[PDB]
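Trainee:
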Amino acid sequence: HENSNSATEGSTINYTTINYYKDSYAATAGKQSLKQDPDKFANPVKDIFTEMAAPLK
Amino acid sequence: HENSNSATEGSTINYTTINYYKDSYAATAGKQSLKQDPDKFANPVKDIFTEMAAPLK
Amino acid sequence: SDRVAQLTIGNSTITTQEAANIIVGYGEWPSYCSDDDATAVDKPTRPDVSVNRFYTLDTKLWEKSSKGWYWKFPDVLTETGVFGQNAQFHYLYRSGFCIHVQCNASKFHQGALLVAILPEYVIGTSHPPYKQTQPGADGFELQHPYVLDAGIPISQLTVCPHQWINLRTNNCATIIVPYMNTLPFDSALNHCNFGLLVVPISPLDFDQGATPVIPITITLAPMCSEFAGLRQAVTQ
Amino acid sequence: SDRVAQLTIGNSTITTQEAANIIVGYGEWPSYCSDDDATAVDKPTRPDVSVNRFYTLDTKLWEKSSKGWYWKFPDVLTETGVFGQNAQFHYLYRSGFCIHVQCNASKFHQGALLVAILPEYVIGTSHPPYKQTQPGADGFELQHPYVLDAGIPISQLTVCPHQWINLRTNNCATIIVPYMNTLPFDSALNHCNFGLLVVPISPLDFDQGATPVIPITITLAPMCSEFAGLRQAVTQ
Amino acid sequence: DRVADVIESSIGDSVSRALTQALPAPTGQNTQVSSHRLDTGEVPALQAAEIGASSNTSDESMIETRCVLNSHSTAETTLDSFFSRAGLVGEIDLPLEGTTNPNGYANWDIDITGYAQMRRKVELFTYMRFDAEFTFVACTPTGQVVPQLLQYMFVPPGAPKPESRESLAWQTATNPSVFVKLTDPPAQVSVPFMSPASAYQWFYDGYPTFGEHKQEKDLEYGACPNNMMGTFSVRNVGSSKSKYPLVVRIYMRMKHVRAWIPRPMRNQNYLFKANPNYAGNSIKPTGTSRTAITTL
Amino acid sequence: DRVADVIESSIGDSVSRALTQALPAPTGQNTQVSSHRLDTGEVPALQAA
Ligand SMILES: CCCCCCCCCCCC(=O)O
Ligand SMILES: [Ca+2]
Ligand SMILES: [Ca+2]
Ligand SMILES: [Ca+2]
Ligand SMILES: [Ca+2]
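Residue numbers (our numbering), protein chains in the order written: chain A, 337 to 393; chain B, 337 to 393; chain C, 815 to 1050; chain D, 815 to 1050; chain E, 100 to 395; chain F, 7 to 55.
#1: Skipping 5 residues on each side, what residues in its chain have a beta carbon closer than 6 Å to that of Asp-952(D)?
#2: Please identify, using Cβ separations under 8 Å, the residues of the stretch 989-1005 of chain D that lie next to chain F, in order along the chain.
#3: If you pair each beta-carbon of the stretch 260-270 of chain E with each one of the stretch 321-336 of chain E, do three or more pairs fall below 8 Å?
#4: Answer yes if the stretch 988-1005 of chain C comes into contact with the stretch 362-381 of chain B, meaning at least three C-beta pairs across the two stretches below 8 Å, and no otherwise.
#5: Using 7 Å as the limit for Cβ to Cβ distance, is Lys-376(A) near chain C?
#6: Looking at the C-beta of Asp-11(F), does it have a partner C-beta in chain E at a distance below 7 Å?
#7: Please determine, among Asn-355(A), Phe-377(A), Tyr-356(A), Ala-362(A), the residue with the shortest C-alpha to C-alpha distance to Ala-121(E).
#8: How is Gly-1043(C) classed by DSSP in three states: helix, strand or coil?
#9: Taking 6 Å as the cut-off, is the C-beta of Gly-953(D) nearer than that to any heavy atom in ligand 5?
#10: Which parts of the stretch 933-981 of chain D are runs of the beta strand (DSSP E), unbroken and 3 residues or longer, counting only runs that do not cross its ends?
#11: Helix, strand or coil for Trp-885(C) per DSSP?
#12: Roughly how many angstroms separate the alpha carbons of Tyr-306(E) and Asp-104(E), rounded to a whole number?
#13: Do you know offhand how far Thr-119(E)'s Cα is from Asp-112(E)'s?
#14: Is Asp-210(E) near ligand 1, with its Cβ less than 6 Å from a heavy atom?
#15: Would you mind giving the Cβ-Cβ distance between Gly-824(D) and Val-863(D), rounded to the nearest angstrom? I have them listed as a contact below 8 Å.
#16: For the beta strand (DSSP E) holding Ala-231(E), just list the boundary residues, first then last.
#17: Can you find the residues in the same chain that come closer than 8 Å, C-beta to C-beta, to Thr-853(D), ignoring five residues on each side of it along the sequence?
#18: Taking 6 Å as the cut-off, does the CB of residue 758(C) come closer than this to any heavy atom belonging to ligand 3?
#19: Only counting the same chain, and skipping five residues up and downstream in sequence, which positions put a Cβ closer than 8 Å to that of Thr-870(D)?
#20: Could you compute how far the alpha carbon of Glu-149(E) sits from the alpha carbon of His-923(C)?
#21: Taking 6 Å as the cut-off, is the beta-carbon of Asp-872(D) closer than that to any non-hydrogen atom of ligand 5?
#22: Need the endpoints of the alpha helix (DSSP H) that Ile-13(F) sits in, please.
#23: Any residues in the stretch 883-909 of chain C with a beta carbon nearer than 7 Å to a beta carbon of chain A? Which ones, in chain order?
#24: Taking 6 Å as the cut-off, is the C-beta of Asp-1021(D) nearer than that to any heavy atom in ligand 5?
#25: Can you pull out the residues from the stretch 137-163 of chain E whose beta carbon lies closer than 8 Å to at least one beta carbon of chain D?
#26: Using a Cβ-Cβ cut-off of 8 Å (strictly less than) and excluding sequence neighbours within five positions of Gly-203(E), which residues of its own chain qualify?
#27: To the nearest angstrom, report how far apart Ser-815(D) and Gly-140(E) are at their CA atoms.
#28: Pick out whichever of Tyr-350(E), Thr-390(E), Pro-363(E), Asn-380(E) has its Cα sitting closest to the Cα of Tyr-214(E).
#29: Does the Cβ-Cβ distance between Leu-178(E) and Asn-129(E) come in under 7 Å?
#30: Please decide whether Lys-371(A) counts as near chain C, where near means a Cβ-Cβ distance under 7 Å.
#31: Using a Cβ-Cβ cut-off of less than 8 Å, list which residues of the stretch 319-336 of chain E approach chain C; keep chain order.
#32: When DSSP labels each residue in this structure, what does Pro-324(E) get in the three-state scheme?
#33: With 16 as the cutoff for other CB atoms within 10 Å, does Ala-987(D) come out buried or exposed?
#34: For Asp-889(D), is the beta carbon positioned less than 6 Å from some heavy atom of ligand 5?
#35: To the nearest angstrom, how far is it from the Cα of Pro-361(E) to the Cα of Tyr-299(E)?
#36: What residues in the stretch 18-37 of chain F have a beta carbon less than 8 Å from any beta carbon of chain D?
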């Protein structure tokens, strides 16, 4: 039936792979879901301003 | 599930191919639909006349 | 209503009148450990106020030639306050920090200080000493700021929780960082989750006559402190 | 939220941090020609972005003795950018302008510049030359600012789209003017709908030591540009 | 019954604040039409990086833009789509003559920081969890394909490491071994994320001993046992001499990748393995230099 | 069929913005009663020509 041991286990992304063996880690990397979050690194500020507004009030 | 990257992407013709990998471009050329348009090159004239009629009126 | 601000933790309070807002490390607030992420089977100690408070430690002097300095959080605080004790008595440690690097001047001075956070801050040189890897209080100084003494370009450090102290605008920076490690807990006595770097990108300058004593103080505060594996008191 | 401002036209953008707001000539925005006000039977050319953009042309130096300068819009822009071409190739012209005269200084400087617009700006002296009536780029200078070189009192110029650049408050002025003429269109090669005057009413002063180089730049941008009567290229 | 303080106290929140959500992004952002705008109070362009945020100014608020439908996919700029590419990380030498590897066997330490190409990419992040696929290219120093048989055996940390070309350890009754001929194609192997730590650690800012950390022991600073996967052994299956000069090259590809904290790229030339030590006597600029900042 | 840019473009407005309307004014403005006023934030006199 297969095992659940492929690092990206319980991963939020949905990977559609191909595997011939019992262990899921032997499976290919396959197609994945495309999600992003430029903010966690670009705008990790507590308060948000917006372009139209002046950064420092 | 596969990717959509095979040049003839969004192509009007319907190609029925075989692919074993994730990328669709690795797929064979396979069977295609037979469409033609001899006019775009033979009769690219603005106005049409017909055989029975005289070309220059 | 964006420059003024106040930070209140434990029995300490910080003030500012030229702040440039607060940045949250990777957009995430310091949280405790889940009952599934932890493997340490024993209810840890969350002293809170007694350790989760503001601690003003070292201070440095900015000059027209200063290269830069750096610290190693996990270790830095140890040996001081109630926090240090738990860190020395317990084996496992866990906590996030609120850093506040203040440095004021007059409107006639000019300068730009980059204050960023760098996780797992390892250094090179063929092996640096214990006095260089864990310079707790009073930190250490950078010799080759361009490569951060690690062989990496500083021009690419903004890719981490950072902030600037441009004397012509603000006079202090503030960062908040959650616990960071491939583990739930870890002894801070021998491992530093990250380090703080303060480097002058724009050389401090000012016409003669204006008070040349421009100090830069460091004040931090633990958050969601959790300690486990209670044992004998250790130092290193 | 009244001093800061941004102007975006074509592929140009202007900034300010001490603006004193924007004035609209006679309270009216630049509009195109109605199908009844026009007599030119032929669809004109509205290039838009290619001509309706910001153009930074001349710059002058303000001094404790400067008298004043002036320009003639219709003509000024010609010979420069895509705009100039349409003005030279076409016979009929039509457009409104957005003027932005910037001039900064420090809080230790003092001065007051009057920037007003004067429709059909004719001058006297017994007949001024072509180099004085249409000093396009780099404009011309006033010799008798009190009478605006036309015999009229400057003390009564505020009766037209104007604005002030008082160094102690703002550092730039901005005006918007719609097409003005007793006709729908008119060749700008030989007729200037109006002119811009910049005169120091409060002599620029400052104690020795502070950078004495106080430049005054001129930046304008066409609006609702329409050209008709396409023909051979002409210059004057 | 309650001191109230105990009721209020949020102490014990395993739930992280977040405040930032990951959204779908197959095609790059599509640009939209934008007309002119002249007004006060609105300063899109004006920013203050002094805060630590990347200017959020958009093209539209800068110039009169048009409309564009970005079909450009961002599927090749993903983790797997990047790291999942075979690369040299190991290289063993079993020559006939020499002092390097006589006897016919060789114990290689499991570490990939030995080669630039791969090491550069991986050291971009601080942590990384994933599985991998290793390929083994065995061949002579010339490219000669020889009819020799070998035995690759994995030796986990704490397991008996072979000491001779015929050490008992090669019975591999428990350990995983692979026998292949140099005539057959390279070895295909899948390896799961094995480590006490939830993710491999590229940089370890601390000591694994927890002792005095004397100078002679500064050889440990940076050494993380969570990256110690033991060793890899290889030898010829025989009692006599190999009869051939061999050289095995190990290639690796990553599957199911999970990177975390990102750090600055490498600026200097790598010197040691698992050591960020750099060429201090001669440091070079991050990039090319010019003659004047006002000249191209 | 439309590049969108052509749809948005306001280019071709024969209508002037105005923003200022002419109102009746037979008699000059009539003055009204006014009591004292002492407060902050209100600066009628303070202007910026
Ligand atoms: C079985 C393959 C497992 C691959 C793990 C390689 C990790 C090597 C990292 C070495 C870093 C170090 O030792 O400090
Ligand atoms: Ca000190
Ligand atoms: Ca210490
Ligand atoms: Ca000039
Ligand atoms: Ca001319």
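All C-beta atoms in this analysis are idealised placements derived from N, C-alpha and C, irrespective of residue type, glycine included.
Mentor: In this structure, then:
#1: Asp-872
#2: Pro-992
#3: yes
#4: no
#5: yes
#6: yes
#7: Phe-377(A)
#8: strand
#9: no
#10: 976-980
#11: strand
#12: 39 Å
#13: 18 Å
#14: yes
#15: 4 Å
#16: 226-238
#17: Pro-998
#18: What the structure shows of chain C is the stretch from 815 to 1050, and residue 758(C) is not part of that stretch, so it cannot be assessed.
#19: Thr-1031, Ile-1032, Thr-1033
#20: 16 Å
#21: no
#22: 11-14
#23: none
#24: no
#25: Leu-137, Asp-138, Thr-139, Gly-140, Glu-141, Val-142, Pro-143, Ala-144, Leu-145, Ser-160, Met-161, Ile-162, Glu-163
#26: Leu-193, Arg-264, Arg-334, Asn-335, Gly-337, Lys-340, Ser-341
#27: 4 Å
#28: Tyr-350(E)
#29: no
#30: no
#31: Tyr-320, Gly-321, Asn-325
#32: helix
#33: buried
#34: yes
#35: 14 Å
#36: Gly-18, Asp-19, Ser-20, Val-21, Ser-22, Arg-23, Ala-24, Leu-25, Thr-26
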